[PDB]
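One is the number of the first residue; the rest follow in order along the sequence.
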Amino acid sequence: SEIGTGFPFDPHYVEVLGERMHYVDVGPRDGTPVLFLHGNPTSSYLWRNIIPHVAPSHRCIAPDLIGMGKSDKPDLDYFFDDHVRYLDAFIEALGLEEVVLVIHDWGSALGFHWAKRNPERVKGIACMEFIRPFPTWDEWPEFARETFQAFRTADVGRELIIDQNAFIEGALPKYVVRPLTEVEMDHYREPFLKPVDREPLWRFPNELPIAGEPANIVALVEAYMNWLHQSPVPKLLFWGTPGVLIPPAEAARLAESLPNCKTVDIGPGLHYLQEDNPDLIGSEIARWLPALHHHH
Ligand SMILES: [Cl-]
Ligand SMILES: [Cl-]
């Protein structure tokens, strides 16, 4: 029952756009792969206890986003658009055709954006605590409002996130219900031991589509949500209580609005649901994959 702290996955690397990206790659190579996309400030480590449920039946590919995890650290601005370029190039470098997406946070923005642009290549989407527009600050959860309003500044936000490592030392454990252990925290800390390497951790909250800003991300996210609401693709949406980005009432709304959507209550959860109930997330993804196979 204890949640595993180890990362028993051999490293793989691919060079795209001048830089090495690290990824997990396990499971059979003769089927449709399952592509796992983490968000901020995590890595493929976030999927460590989910992958073992899926690997028996399906290939599992879990990249570390550029600037994160064991991937290289170019001196980028780390805008969403930078992540889009790197992940698009990663997917093509691996020769992926059709996929199943398993996505969270900025990984969900990346995944939904890729799906909208490549709808014929997505067999299913399992999602959790995903990015949607927040049209005003009042739609953002109250207990994270002042935190994220401060993150979204050039002075205080850089001080908190880059100097003081607030995304790793603060937000990450705050948005897991159970206590993270020091071993787990050290795995999350490792990429960001050098303060200068924390740029992506600050740019990400500055890219969130909140209160109309930034306008490019608001438009992009509205576009993929419009696509999602019309798409017949099978969807599996995990949610927790109280949640952060997807509170229970919003999950229930989405169950009804999104086509061919199954919702799964994970129990207690805030944002990093994978750390509170990885076994239910993994076992439910695994159970749901076979019915996606057939092309109708
Ligand atoms: Cl576990
Ligand atoms: Cl963020």
Side-chain angles (χ1 to χ4, degrees), residues 12-17 21-39 44 46-47 50-51 53-66 71 80-128 130-132 217 219-238 254 257-262 281-282 284-296:
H12 304 268
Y13 296 92
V14 60
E15 190 166 301
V16 292
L17 310 175
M21 288 180 69
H22 170 258
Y23 61 106
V24 174
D25 189 353
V26 294
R29 300 292 187 90
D30 63 336
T32 300
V34 184
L35 179 65
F36 294 81
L37 306 176
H38 75 84
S44 58
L46 182 63
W47 301 114
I50 293 165
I51 288 166
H53 289 268
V54 175
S57 60
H58 287 76
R59 190 175 179 192
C60 298
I61 304 167
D64 295 340
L65 298 181
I66 196 67
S71 293
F80 182 72
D81 181 67
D82 292 318
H83 290 288
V84 168
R85 287 189 300 118
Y86 277 85
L87 181 65
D88 278 356
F90 174 88
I91 289 171
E92 297 312 305
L94 277 59
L96 309 187
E97 294 173 60
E98 297 177 314
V99 301
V100 176
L101 295 173
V102 178
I103 66 187
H104 183 223
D105 189 64
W106 283 105
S108 73
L110 287 164
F112 289 133
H113 184 59
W114 190 89
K116 175 199 82 176
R117 292 179 295 138
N118 299 278
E120 77 290 349
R121 290 166 72 184
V122 175
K123 279 202 194 186
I125 304 176
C127 61
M128 56 213 80
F130 66 87
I131 290 170
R132 43 178 190 115
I217 304 300
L220 187 148
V221 172
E222 285 172 338
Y224 72 59
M225 289 308 297
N226 177 73
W227 173 81
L228 194 68
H229 278 280
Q230 293 173 246
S231 171
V233 68
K235 303 168 195 67
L236 186 63
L237 173 54
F238 296 91
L254 287 165
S257 186
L258 299 178
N260 296 318
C261 184
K262 174 180 165 73
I281 297 166
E284 291 293 312
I285 294 166
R287 279 194 228 305
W288 164 87
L289 293 166
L292 307 179
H293 177 73
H294 185 250
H295 171 282
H296 302 274

Assess whether a salt bridge exists between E92 and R121, defined as any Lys/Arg side-chain N lying under 4.0 Å from an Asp/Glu carboxylate O. yes
So does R117 pair up with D88, basic N to acidic O under 4.0 Å? yes
Heavy-atom donor-acceptor pair, [X] side chain to [Y] backbone, under 3.5 Å:
X	Y	result
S71	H22	yes
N226	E222	no
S108	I103	no
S257	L254	no
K235	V233	yes
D25	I61	no

Take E284 and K262 through the test side chain to side chain contact (heavy atoms under 4.5 Å, CB included) and record every step on the way to the result. CA-CA 10 Å; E284 291 293 312; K262 174 180 165 73; 3.7 Å; yes
Just do the side chain to side chain contact (heavy atoms under 4.5 Å, CB included) check on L46 and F36 with the steps written out, would you? CA-CA 10 Å; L46 182 63; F36 294 81; over 6 Å; no
Minimum heavy-atom separation for [X] and [Y], please, with both atom names.
X	Y	result
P290	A286	CD-O, 3.4 Å
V14	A93	CG2-CB, 3.7 Å
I50	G282	CG2-CA, 3.9 Å
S44	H38	N-CD2, 3.8 Å
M128	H104	O-CD2, 3.2 Å
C60	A55	SG-N, 3.5 Å

So how far is it from [X] [atom1] to [Y] [atom2], rounded to the nearest 0.5 Å?
X	Y	atom1	atom2	value
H295	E120	NE2	CD	10.0 Å
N260	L292	CG	CG	10.5 Å
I281	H53	CD1	NE2	9.5 Å

Answer yes or no: is there a side-chain heavy-atom contact under 4.5 Å between [X] and [Y]?
X	Y	result
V99	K123	no
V16	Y86	yes
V34	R59	no
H12	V24	no
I66	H83	yes
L87	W114	no
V102	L37	no
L35	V100	no

If you count every heavy atom of other residues, nucleotides or ligands that lies below 6.0 Å from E97 atom CD, does the total exceed 12? no
Exceeds 12 heavy-atom contacts within 6.0 angstrom, atom NE2 of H293: no
So among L237, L236, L228, which one has a side-chain contact (heavy atoms from CB on, under 4.5 Å) with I125?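 With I125 as partner, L237, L236, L228 yield a single side-chain contact (heavy atoms from CB on, under 4.5 Å), made by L228.
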Indicate, with yes or no, if the rings of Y23 and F90 have centres closer together than 6.0 Å.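 Yes, ring centres under 6.0 Å apart.
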Which of these passes ring-ring contact (aromatic ring centres under 6.0 Å, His included) with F112: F80, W227, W106, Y224?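 Considering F80, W227, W106, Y224, a ring-ring contact (aromatic ring centres under 6.0 Å, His included) with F112 is found only for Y224.
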